[PDB]
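What the coordinates show
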Amino acid sequence: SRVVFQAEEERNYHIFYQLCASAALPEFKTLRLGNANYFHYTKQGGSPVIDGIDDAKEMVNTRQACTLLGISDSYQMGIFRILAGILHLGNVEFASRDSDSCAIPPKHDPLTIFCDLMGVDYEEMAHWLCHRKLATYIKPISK
Amino acid sequence: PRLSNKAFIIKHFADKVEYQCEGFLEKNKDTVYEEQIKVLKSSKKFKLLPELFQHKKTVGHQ
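Reading the values: rules and limits
Residues numbered from 1 in each chain as written, not as in the entry; some residues may be left out. Chains lettered and ligands numbered in written order. Part of a larger assembly, values for the part shown. Heavy atoms only, no water. Helix = DSSP H or I, 4+ residues; strand = E, 2+ residues; numbered from the N terminus. Buried < 20%, exposed > 50% of the residue type's maximum accessible area, 1.4 Å probe, protein only. Areas by Shrake-Rupley, 256 points an atom, 1.4 Å probe, with all protein chains shown as cover. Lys, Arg positive; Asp, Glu negative; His and termini not counted. Charge placed at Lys NZ, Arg CZ, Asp CG, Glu CD. 1 Å grid on protein atoms, 1.4 Å probe; cavity = no way out; pocket = protein on both sides within 12 Å on 5 of 7 lines; lining within 4 Å. Points joined across faces, edges and corners; volume = space filled by probe spheres on them. Nonpolar A, V, L, I, M, F, W, Y, C, P; charged D, E, K, R; others polar. Disulfide = S-S within 2.5 Å. Contact = heavy atoms within 4.5 Å. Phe/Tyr/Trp six-rings, centres within 6.5 Å; stacked < 30°, edge-to-face > 60°. Pairing = 2+ DSSP bridges. Buried area = accessible area lost by both parts, 1.4 Å probe. Salt bridge = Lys/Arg side-chain N within 4 Å of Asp/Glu carboxyl O. Polar contact = N/O pair within 3.5 Å; in protein donor to acceptor, adjacent residues only side chain to side chain.

**A short note on the overall build of chain A**
When you go through chain A residue by residue, the secondary structure sums to five helices and four strands. For chain A, the succession of helices and strands along the chain, N to C, is α-α-α-β-β-α-α-β-β. C-alpha extents for chain A along the principal axes are approximately 50 × 35 × 25 Å. Within chain A, the fraction of its 143 residues that count as buried is 38%. With an accessible surface of roughly 8,300 Å², chain A has 60% of that area assigned to carbon and sulfur atoms. In chain A, 14 positive and 17 negative side-chain charges are present, and the distance between their average locations comes to 4 Å.

**Concerning the layout of surface pockets**
By volume, the largest pocket is sized at about 2,000 Å³. Looking at the largest pocket, it is lined by 39 residues, and the ones nearest its centre are A:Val4, A:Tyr41, A:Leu89, B:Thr31 and B:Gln36. Elements supplying a minimum of two residues to the lining of the largest pocket: α3 (73–89), α4 (109–118) and α5 (122–130) of chain A together with α1 (24–28) and α2 (34–41) of chain B. Considered class by class, the residues forming the lining of the largest pocket number 23 nonpolar, nine polar and seven charged. Forming the walls of the second largest pocket are A:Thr30, A:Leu31, A:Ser74, A:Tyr75, A:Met77, A:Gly78, A:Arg81, A:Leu117, B:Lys45, B:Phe46, B:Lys47 and B:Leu48. In terms of residues, the lining of the second largest pocket owes the most to one element, α3(A), which gives five residues. Partitioned by chemical class, the residues of the lining of the second largest pocket number six nonpolar, three polar and three charged.

**Details of the state of the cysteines**
A disulfide bridge is the covalent bond that connects two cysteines by way of their sulfur atoms. Applying the stated criterion to the full structure yields zero disulfides over all chains. In this structure A:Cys115 is not part of a disulfide, and its nearest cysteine sulfur, from A:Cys130, lies 12 Å away.

**Some points on α4(A)**
Among the 10 residues that make up α4(A), seven are buried, leaving the element largely enclosed by the rest of the structure. Looking at α4(A), one finds that the buried residues are A:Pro110, A:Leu111, A:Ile113, A:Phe114, A:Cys115, A:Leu117 and A:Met118. Where α4(A) is buried, its residues touch α3 and α5 of chain A together with α2 and α3 (48–51) of chain B. Phi for A:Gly119, located one or two positions after α4(A), is positive at around 85 degrees.

**A look at the packing of aromatic side chains**
All names here are of chain A. Per the counting criterion, the structure on display carries four aromatic pairs over all chains. Each ring, one from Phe28 and one from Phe80, has its centre 5.7 Å from the other, and the planes form 80 degrees; the classification is edge-to-face. Of the two residues, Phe28 is situated in the loop between α1 (14–21) and α2 (55–68) and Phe80 in helix α3; the sequence distance between them amounts to 52 residues. The two residues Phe28 and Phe80 agree in class, both being buried.

**Topic: the pairing of strand β1 (residues 7–11) of chain B**
All names here are of chain B. Where β1 meets strand β2 (residues 16–20), five bridges bridge the pair, whose relative direction is antiparallel. Opposite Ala7, over in β2, you have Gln20 as the bridge partner. The antiparallel pairing of β1 with β2 creates a hairpin that spans four residues between the two strands.

**Here's the deal with the environment of B:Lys27**
Structurally, the position occupied by B:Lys27 is in helix α1. Sequence spacing of B:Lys27 and B:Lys6 is 21 residues, and the spatial spacing of their C-alpha atoms is 16 Å. Not counting chain neighbours up to four residues away, the residues in contact with B:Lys27 comprise A:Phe5 and B:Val59.

**So, the interface of chain B and chain A**
Quite often, the size of an interface is put as the accessible area lost when its parts meet. Listed per partner, the contact involves 18 residues of chain B and 19 residues of chain A. Approximately 1,600 Å² of surface area, both sides summed, lies buried where chain B meets chain A, with 68% of it carried by carbon and sulfur atoms. A per-residue breakdown of the area chain B buries against chain A is headed by B:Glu35, B:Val39 and B:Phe46, which together make up 35% of the total. On inspection of chain B and its partner chain A, the count reaches three salt bridges. For A:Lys133, the salt bridge is made with B:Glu34, and the minimal N-O distance between the two is 2.5 Å. Counting across the interface, chain B meets chain A through seven residue pairs in polar contact. For the side of chain B that touches chain A, the secondary structure elements donating two or more residues are α2 and α3 of chain B. With six residues, the single largest contributor to the side of chain B that touches chain A is α2(B). Of the residues assigned to the side of chain B that touches chain A, the class counts are seven nonpolar, three polar and eight charged.

What follows is the structure, given as structure tokens:
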């Protein structure tokens, strides 16, 4: 539940914050992050920083531990890239349309980044966010 | 609770705990759509993303 919800003065799991504080770094620029108040999955509890902790230094320590246990630097970028896509996926907004249905806004900046990061089609994903197989007839879902 | 219709009390081992019903249903829901998983499984730029993935599923039952 914590992945998509937080209550007052709580954070999501630490790795998401370690990633946002490391956003302006050169290897992380394809992940396209802003600060923690940007993303829906990391802003809910209003608490973005823990007193006494540098989330970026802890990311340096986290990456170093992955290096020690043999998660090759190619796979390390793998993990961080999936987490960045979960973060961008959370800012996909849905706009209600006729007959209790919905659709994404045209050329959506969070969705475009999500699809780029994962390497899927944009339109195939945008369709199946708002639609569902009923089994074989295709039917729109409510917001 | 005498003054609430939106909360319930369980007497657990150690002590009583009042639980507030608000937010229980939404947190419990966990039903992924199959279609959406196929979109991800069929990737061609990312080795790790298809390596992850080999009535009604819910957080409580899990």
